[PDB]
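Student: below is the sequence, then the experimental coordinates.
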Amino acid sequence: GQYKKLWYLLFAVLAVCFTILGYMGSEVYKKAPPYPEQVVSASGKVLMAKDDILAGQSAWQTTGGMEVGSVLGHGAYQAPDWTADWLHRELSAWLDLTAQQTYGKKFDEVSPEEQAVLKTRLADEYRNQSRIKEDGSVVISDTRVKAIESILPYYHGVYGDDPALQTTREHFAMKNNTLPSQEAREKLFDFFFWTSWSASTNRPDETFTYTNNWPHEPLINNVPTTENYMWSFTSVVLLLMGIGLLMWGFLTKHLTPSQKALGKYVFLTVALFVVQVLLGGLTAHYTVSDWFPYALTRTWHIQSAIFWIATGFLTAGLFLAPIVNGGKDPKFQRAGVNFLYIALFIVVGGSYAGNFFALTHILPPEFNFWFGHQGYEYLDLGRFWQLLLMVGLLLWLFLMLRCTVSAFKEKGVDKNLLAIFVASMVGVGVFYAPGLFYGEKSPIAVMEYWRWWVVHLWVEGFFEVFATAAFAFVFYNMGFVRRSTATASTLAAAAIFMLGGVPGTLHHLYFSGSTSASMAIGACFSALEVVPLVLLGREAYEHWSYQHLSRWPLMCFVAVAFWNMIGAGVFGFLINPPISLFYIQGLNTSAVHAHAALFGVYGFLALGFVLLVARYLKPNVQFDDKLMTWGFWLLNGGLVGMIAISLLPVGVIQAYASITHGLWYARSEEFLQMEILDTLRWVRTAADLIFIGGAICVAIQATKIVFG
Ligand code: HEM
Ligand code: HEM
Ligand SMILES: [Ca+2]
Ligand SMILES: [Fe+3]
Ligand SMILES: [Zn+2]
Ligand SMILES: [Zn+2]
Ligand SMILES: [Zn+2]
């Protein structure tokens, strides 16, 4: 049409940004910490082969993987980071040993001058004994092997049942015998070791580790890289030079069968939401019987979110589809809508059940990757059920894309608003696919890549787009926006959302085995996602303090903007710069970001859809002004309560000790089980309840709208 300029602008951004994201992926595959063929102990005693690790990886998924504690910065925050906790002990044990044989004292009786003399040896041994090329085999010294075999007892007693370390496990919210088979434990530790190896050893090319010196370990000088600083100030420039430009100031002056089906869709979303916040409190109480332990209550807490939020978005789109098609279903829509609904119930019910058996070792650890627990945060489904939800999303696009070719028919009307909105829904449908391309014993580095195409590009990138696209469609069809307004703004917002979104992804991969390039791309581009925030919060305040148009959605789609500013913005870009994330990755800083960002934005959006559909599916069914009120505030103040008086304080405290002593310490057992940390953990269950309250209210309100 006449918008060809903006269309080319969009095609430009998509071409540019997808290449960066593609390239930085090829380099993930190439220059990722390889699994060694064998770990030989100078003498000969091979400690492990290739599959000694790859098994311990498979064995890690068995426990719930990232659902117990973090590994390489990614996971859960009650247990320690295993890659950090491993490296630290394996170093300390190495020292005590060499301080003995050289001076005959336990390093603490050895004088400052000598301590620092030992650590020089330590760093050279550890950091400069890199994977021998052309025959990828690694060679260790004997004082190290003795070091490992003196810490393995503790790890067997924590992942097991050794009665000594009972409260240890309890402090880590771990059900006694998290891995009952000492068969597998032996292998899990070969994985735990190799991770710690990838994080403590220089690349073939550099004087930093495969993990860009992650984590922060003073005893081998795992200090921020050099390129770290170069780019983590670049980005802070860009951001500020961003805000300066955008803001240079004020107070500106501008029913058919299928549709009727969506009632149970609405119910599902509120149902599942309240299923989730419960499981949330449950898994929150574990941080202060274990058929369903911490590892499980958390897994569902993560899983229900994606579902109920995604489902709310699907549901919305399904309602609009007939409305697009004049006002009539083309064929057996209602039929496909029922199929889809079954599907979604088979994925949700299916997975949850599968999860139960894997984390009790009832499922055979040969079906573990497909029907058990993937061990990978946000994708702990099982390759089968994940494909089933994939098929489901495909069907949703099928049903979706049908109603649209009927409106691509008339000769008169401008088919541009449609055009972009059509791409939008594809975005939702097709783009869960990336996270398919990784196997059981796929390199951790690679899985880490694709996972974030989903947990980042999908739920942030394409949902962002769909929200605005559907909004524009409605906003124009309601008649509060002209054609050449709603049509135009969608095409720009699509360009803006995607500019920071696409390459930004890489803010996840700064340390999980990438080239220092990751810090460059991620840091720069993710700084541009500032203009969407400012723009929204700007307009959202402008279109607010006014009387012109009048349980009103502005509430919903203002709160949205607000959290998109506190959570995606403040807490998001506080943690975005490589220099920062180098310390506060895997700390309660991320917990803040997540809660405020996921619920605060996409939670409300999702809830404001299923609510809107219910207001249309059962009209003249009168809302409750007191419920909606109570809810809208307990939820808001609730999130405010969670982040303020618990998560952030701890995050802060963690952040500090991470920086002063090392990360291993901010994750260490004694540090966690502390005076005010344990207390700040308690104060949470105050605002936890408040939150569940508003959650109940919104399910309750929603129910009595769809049912009667
Ligand atoms: C009272 C309500 C809630 C409570 C008590 C709660 C509690 C928790 C707990 C215990 C964790 C795990 C922390 C750890 O690993 O140690 C967590 C993480 C998480 N929660 Fe919630 N949660 C609540 C509401 C929500 C909501 C509304 C959402 C959004 C749908 C959500 C999404 C998440 C996500 C995505 C994570 C993973 C965070 C990360 O790995 O950094 N939670 N929450
Ligand atoms: C807009 C909606 C957003 C949502 C729903 C969201 C969601 C999340 C979630 C759930 C995590 C934790 C993942 C995990 O446990 O492994 C996370 C991490 C992160 N997000 Fe966001 N995010 C959003 C926007 C942003 C923005 C705008 C930035 C840019 C500053 C950003 C930067 C980050 C960074 C740097 C992390 C790293 C945390 C870590 O790996 O420990 N996010 N995000
Ligand atoms: Ca996490
Ligand atoms: Fe991200
Ligand atoms: Zn205790
Ligand atoms: Zn965004
Ligand atoms: Zn305006």
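Tutor: Structure received. Numbers count the residues shown, from 1 in each chain. Ligands and ions are numbered 1, 2, ... in the order given.

Student: how does this protein divide into domains?
Tutor: Following curated CATH domains, the chain resolves into domains at 1-32+224-708, 33-223.

Student: of all those domains, which one is nearest ligand 6?
Tutor: Closest approach to ligand 6 among the domains of the chain (CB to the ion): domain 1-32+224-708, 4.8 Å. C-betas here are computed from N, CA, C, even on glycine.

Student: what is the end-to-end distance of that closest one?
Tutor: 45 Å (CA to CA, to the nearest Å).

Student: and what of stretch 437-453?
Tutor: One end of stretch 437-453 sits 11 Å from the other (CA to CA).

Student: export the domains of the chain to a markdown table and tack on distance to ligand 6 and mean neighbour count?
Tutor: Output for the domains of the chain, formatted as a markdown table (distance: least, CB to the ion, whole Å; neighbours: other CB atoms under 10 Å):
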| stretch | distance to ligand 6 | mean neighbour count |
| --- | --- | --- |
| domain 1-32+224-708 | 5 | 19 |
| domain 33-223 | 21 | 19 |
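
Student: for ligand 7, what is the nearest residue in the stretch 201-350 of the chain?
Tutor: Residue of the stretch 201-350 of the chain nearest ligand 7, by CB to the ion: residue 254 (3.5 Å).

Student: what's the residue lying closest to that residue once chain neighbours are set aside in contact with, if anything?
Tutor: Closest residue to residue 254 apart from its sequence neighbours, by CB to CB, 6 or more residues apart in numbering: residue 542 at 6.7 Å. Counting by CB atoms under 8 Å, 6 or more residues apart in numbering, residue 542 makes contact with 251-252, 254.

Student: which one of those sits closest to ligand 2?
Tutor: The nearest member of those to ligand 2, counting by CB to the nearest ligand atom, is residue 252 at 24.0 Å.

Student: spell out which residues of the stretch 351-500 of the chain are next to ligand 2.
Tutor: Taking CB under 6 Å from any ligand atom as the contact definition, the stretch 351-500 of the chain meets ligand 2 at 377, 459-460.

Student: swap that for the stretch 1-150 of the chain, please
Tutor: So the stretch 1-150 of the chain meets ligand 2 at residue 74 (CB under 6 Å from any ligand atom).

Student: need the residues of the protein near ligand 1, please.
Tutor: So far as CB under 6 Å from any ligand atom goes, the chain lies against ligand 1 at 76-78, 277, 280-281, 283-284, 287, 298, 301-302, 305, 590-591, 594-595, 598-599, 603, 688, 691-692.

Student: now, which of those lie within helices?
Tutor: Judged by DSSP state H, the residues of the chain next to ligand 1 include 277, 280-281, 283-284, 298, 301-302, 305, 590-591, 594-595, 688, 691-692 as members of helices.

Student: chain neighbours aside, what residue packs nearest to residue 481?
Tutor: Per CB to CB, 6+ apart, closest to residue 481 is residue 475, 4.5 Å.

Student: I meant residue 57, not that one.
Tutor: Counting by CB to CB, 6+ apart, residue 57 lies nearest to residue 191, which is 4.9 Å off, once chain neighbours are set aside.

Student: distance-wise, check that neighbour relative to residue 197.
Tutor: Going from residue 191 to residue 197 by CB to CB, to the nearest Å gives 10 Å.

Student: up against ligand 7, what does the stretch 501-650 of the chain have?
Tutor: 539, 542-543 (CB under 5 Å from the ion).

Student: and residue 431, its phi and psi?
Tutor: Main-chain dihedrals, residue 431, degrees, to the nearest 10: phi -100, psi 10.

Student: thought it was touching residue 458?
Tutor: Yes: with contacts counted by CB atoms under 8 Å, residue 431 reaches residue 458, the gap being 5.1 Å.

Student: list residues touching both of the two?
Tutor: Common neighbours of residue 431 and residue 458 (CB under 8 Å, 6+ apart) do not exist.

Student: what about the helices in the stretch 1-150 of the chain?
Tutor: Taking DSSP state H, counting those that start in this stretch to define them, one finds helices in the stretch 1-150 of the chain at 4-30, 51-63, 82-103, 112-128, 142-148.

Student: which one, of those, ends up nearest to ligand 7?
Tutor: Closest of these to ligand 7 is helix 4-30, at 18.9 Å (criterion: CB to the ion).

Student: what's the closest one packed up against?
Tutor: Helices and strands touching helix 4-30, by 3 or more CB pairs under 8 Å, 6 or more residues apart in numbering; DSSP states H and E, are helix 444-452, helix 483-504, helix 517-525.

Student: nearest to residue 245, out of these?
Tutor: Of all the helices and strands packed on helix 4-30, helix 483-504 sits nearest to residue 245, with 13.5 Å by CB to CB.

Student: from the contact counts, what lies against the closest one?
Tutor: Using 3+ CB pairs under 8 Å, 6+ apart: helix 483-504 touches helix 4-30, helix 417-430, helix 463-477, helix 517-525, helix 530-542.

Student: not counting its neighbours along the chain, what's nearest the residue in the stretch 301-450 of the chain that ligand 1 sits nearest to?
Tutor: Here the stretch 301-450 of the chain gets closest to ligand 1 at one residue, residue 305, 3.6 Å apart by CB to the nearest ligand atom. For residue 305, the nearest residue in space outside its immediate sequence neighbours is residue 276; the separation is 5.8 Å by CB to CB, 6+ apart.

Student: that neighbour reaches residue 301, doesn't it?
Tutor: Yes: Residue 276 lies in contact with residue 301 (CB under 8 Å); the separation is 6.2 Å.

Student: please list which of the ones in helices among the residues of the chain next to ligand 1 are also close to ligand 2.
Tutor: Restricting these to contacts with ligand 2 (CB under 6 Å from any ligand atom) yields 590, 594.

Student: which pair in the ones in helices among the residues of the chain next to ligand 1 spans the largest distance?
Tutor: 590 and 692 (22.3 Å).

Student: this structure against ligand 7: which residues are in contact?
Tutor: Residues of the chain lying near ligand 7 (CB under 5 Å from the ion): 254, 539, 542-543.

Student: nearest to residue 145, of those residues?
Tutor: Proximity of these to residue 145 was ranked by CB to CB; the top entry is residue 539 with 62.7 Å.

Student: what's the helix or strand for residue 249?
Tutor: Assignment of secondary structure by DSSP states H and E places residue 249 within no helix or strand.

Student: what about residue 390, distance to residue 478?
Tutor: Taking CB to CB, one finds residue 390 at 34 Å from residue 478.

Student: for residue 281, same thing?
Tutor: For residue 281, the distance to residue 478 equals 39 Å [CB to CB].

Student: one more: residue 280?
Tutor: Distance from residue 280 to residue 478, counting by CB to CB: 36 Å.

Student: and the stretch 551-700 of the chain, which of its residues are near ligand 2?
Tutor: Residues of the stretch 551-700 of the chain lying close to ligand 2 by CB under 6 Å from any ligand atom are 568, 572-573, 575-576, 581, 585-586, 590, 593-594, 597-598, 601-602.

Student: closest to residue 142 among the residues you listed?
Tutor: Relative to residue 142, and with distances defined as CB to CB, the nearest of those is residue 586, at 32.1 Å.
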